[PDB]
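Below is one structure, written out as structure tokens; the observations come after it.
There are 4 protein chains.
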Amino acid sequence: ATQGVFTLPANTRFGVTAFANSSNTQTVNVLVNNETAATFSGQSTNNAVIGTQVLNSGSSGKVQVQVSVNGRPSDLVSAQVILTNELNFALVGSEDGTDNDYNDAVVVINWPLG
Amino acid sequence: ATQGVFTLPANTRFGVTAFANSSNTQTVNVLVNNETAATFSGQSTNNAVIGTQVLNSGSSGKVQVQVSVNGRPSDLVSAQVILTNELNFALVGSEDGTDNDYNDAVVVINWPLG
Amino acid sequence: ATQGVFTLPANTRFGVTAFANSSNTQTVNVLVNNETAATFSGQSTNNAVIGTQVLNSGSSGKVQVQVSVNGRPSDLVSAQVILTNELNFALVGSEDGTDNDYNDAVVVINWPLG
Amino acid sequence: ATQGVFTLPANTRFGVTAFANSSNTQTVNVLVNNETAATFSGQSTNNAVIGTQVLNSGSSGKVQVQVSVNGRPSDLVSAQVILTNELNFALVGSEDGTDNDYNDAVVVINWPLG
Ligand SMILES: CO[C@H]1O[C@H](CO)[C@@H](O)[C@H](O)[C@@H]1O
Ligand SMILES: CO[C@H]1O[C@H](CO)[C@@H](O)[C@H](O)[C@@H]1O
Ligand SMILES: CO[C@H]1O[C@H](CO)[C@@H](O)[C@H](O)[C@@H]1O
Ligand SMILES: CO[C@H]1O[C@H](CO)[C@@H](O)[C@H](O)[C@@H]1O
Ligand SMILES: [Ca+2]
Ligand SMILES: [Ca+2]
Ligand SMILES: [Ca+2]
Ligand SMILES: [Ca+2]
Ligand SMILES: [Ca+2]
Ligand SMILES: [Ca+2]
Ligand SMILES: [Ca+2]
Ligand SMILES: [Ca+2]
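Structure, rendered in structure tokens:
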């Protein structure tokens, strides 16, 4: 199944933050309406924040997280969770290797802000 | 029901990261085995990463998040989600006022690391 | 925080299923737009299905689950999860006693159907 | 990533319940410690509970859900959620066609029981 794709309310500001847990340098691209809106990269085996930004979901509401290492797309896992019918988390993990820890790049999207 | 309390695997490294979305300065306390292990603070209405830290879950694995605004405890909402039976997120939202957006301090705990 | 309240897409069919794990008979009310849409009653300490019903979210999209024993409201916990940006679960637990297992009546709402 | 596989605590009672939403007959097999422990079959486009059962996770705690339509495995999506650090749901969706509603067989595992 498709992973790392989320439908947000239109024209809504959301937060996106990425962490790294890998010997490989991670590249995280955040797409809004199929176009790269933010790119984060870095390397850490200690959950270092490799990027954070506030973006706008625009008129499509379509937000996609892609993770790549040495040009090769990582395998993604994702889900959305809503707390008290108000607070949204869109969560992404990724695997770049063979140990299947799925934490090599971790991405957290949250809304609403403000 | 109790919120912001999570049982992690014992003696395990986890990341804890806090975001602020309020006019009030937020104070986030992270307790490990009922003792304060980290404290983050900041003020933003634009999802500032007011703190992030790697901690060890200790002997019991009990991790608790508490949020306050100048000594006044905020109301908490929380859940844990596990992706591909491997990647864990413990999620916390909090409300310091009356608009019930529950984003005033958002806390994300993730494991495993490395 | 308010629990057991969910916003569904308008005019959408959804399934609601209730399980019992308590010595007390559980009374489960499902409200749609603040009015009774379904009521289940049953007792089991072995996860028996005490009700299942296909409902329509109608014009409001507001769905609320209430659980009580002899008219006294149980404490609720709830969250919504979305898989592959398509499949929705609205989940509810309830506690009618002191042991805090939160399973006394468990309610699962799922959509889309068909 | 692997989907539909969950590690439960060893020797724990759990409920498993399968719903059908497809023109095709669904077969749901539930494996514990790699051995079929329950099997449900049925066709519905109205969220019929094609089976529910109570099982024990045994010494391994390994539970796997498989879904097939006349001998072809459906594509699975899954996640586990925990509310108030106590109530667990292991959730499975599956797709047997092209529309990607991922509801063709839906399986919900819940614990604790009693
Ligand atoms: C050395 O192992 C680390 O780096 C590899 C990539 O080389 C990851 O897949 C693995 O999970 C570890 O984080
Ligand atoms: C002014 O409104 C903002 O600040 C208050 C606290 O004063 C929050 O509760 C609210 O959600 C907004 O973030
Ligand atoms: C006897 O214990 C059972 O019934 C009570 C209600 O009396 C529940 O609260 C409890 O979790 C058990 O299911
Ligand atoms: C006719 O459409 C229905 O049946 C097909 C399988 O034939 C499913 O994939 C689809 O989601 C619908 O439930
Ligand atoms: Ca890895
Ligand atoms: Ca890793
Ligand atoms: Ca608020
Ligand atoms: Ca706020
Ligand atoms: Ca109870
Ligand atoms: Ca009970
Ligand atoms: Ca389908
Ligand atoms: Ca279907």
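From first to last, the protein sequence lines are chains A, B, D and C. Read in the authors' numbering, the first sequence has 83 at position 83, and its numbers run on one by one without any break. Read in the authors' numbering, the second sequence has 21 at position 21, and its numbers run on one by one without any break. Read in the authors' numbering, the third sequence has 94 at position 94, and its numbers run on one by one without any break. Read in the authors' numbering, the fourth sequence has 4 at position 4, and its numbers run on one by one without any break. Every residue gets a Cβ at the ideal spot worked out from N, C-alpha and C, and that includes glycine.
Heavy atom of ligand 2 within 7 Å of residue i beta-carbon
i     : result
B:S22 : yes
Distance CB(residue i)-CB(residue j) smaller than 8 Å
i      : j     : result
C:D96  : C:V69 : yes
C:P112 : C:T12 : yes
A:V106 : A:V63 : no
A:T45  : B:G93 : no
Proximal residues to residue i (C-beta, below 6 Å), its chain only, five neighbours per side dropped
i      : result
D:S22  : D96 and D104
C:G51  : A18 and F40
D:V5   : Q64
D:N110 : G15 and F89
7 Å CB neighbourhood of residue i in its chain, flanking five on each side removed
i                      : result
D:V108                 : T17, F89 and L91
residue 133 of chain C : A query on residue 133 of chain C cannot be resolved here, the shown segment of chain C reaching from 1 to 114 and no further.
Whole-angstrom distance between residue j and residue i, CA atom to CA atom
i     : j     : result
B:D75 : C:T36 : 44 Å
D:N29 : D:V77 : 15 Å
A:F14 : A:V54 : 6 Å
A:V67 : D:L87 : 23 Å
B:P73 : C:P73 : 50 Å
B:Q26 : D:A10 : 36 Å
C:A1  : A:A1  : 10 Å
B:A38 : D:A38 : 46 Å
Cβ neighbours of residue i in the same chain (closer than 8 Å, five flanking residues each side left out)
i      : result
A:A48  : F19, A20 and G42
A:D101 : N21 and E95
A:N24  : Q43, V69, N70, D96, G97 and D104
B:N34  : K62 and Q64
Heavy atom of ligand 3 within 7 Å of residue i beta-carbon
i     : result
C:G51 : no
D:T27 : no
A:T45 : no
Contact test: residue i Cβ vs ligand 6 heavy atom, cutoff 7 Å
i      : result
A:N100 : no
Any non-hydrogen atom of ligand 11 closer than 7 Å to residue i Cβ
i      : result
D:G114 : no
Near ligand 9: residue i beta-carbon under 7 Å from a heavy atom
i                      : result
residue 154 of chain B : Here chain B has residues from 1 to 114 only, and residue 154 of chain B is not among them.
A:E95                  : no
Closer than 7 Å: residue i CB and nearest ligand 10 heavy atom
i     : result
A:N85 : no
Closer than 7 Å: residue i CB and nearest ligand 7 heavy atom
i      : result
D:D104 : no
Q.
Would the region 82 to 92 of chain C count as touching the region 52 to 59 of chain C if we require 3 or more Cβ pairs under 8 Å?
A. As far as the Cβ criterion goes, the region 82 to 92 of chain C does not touch the region 52 to 59 of chain C, which means the pair count is below three.
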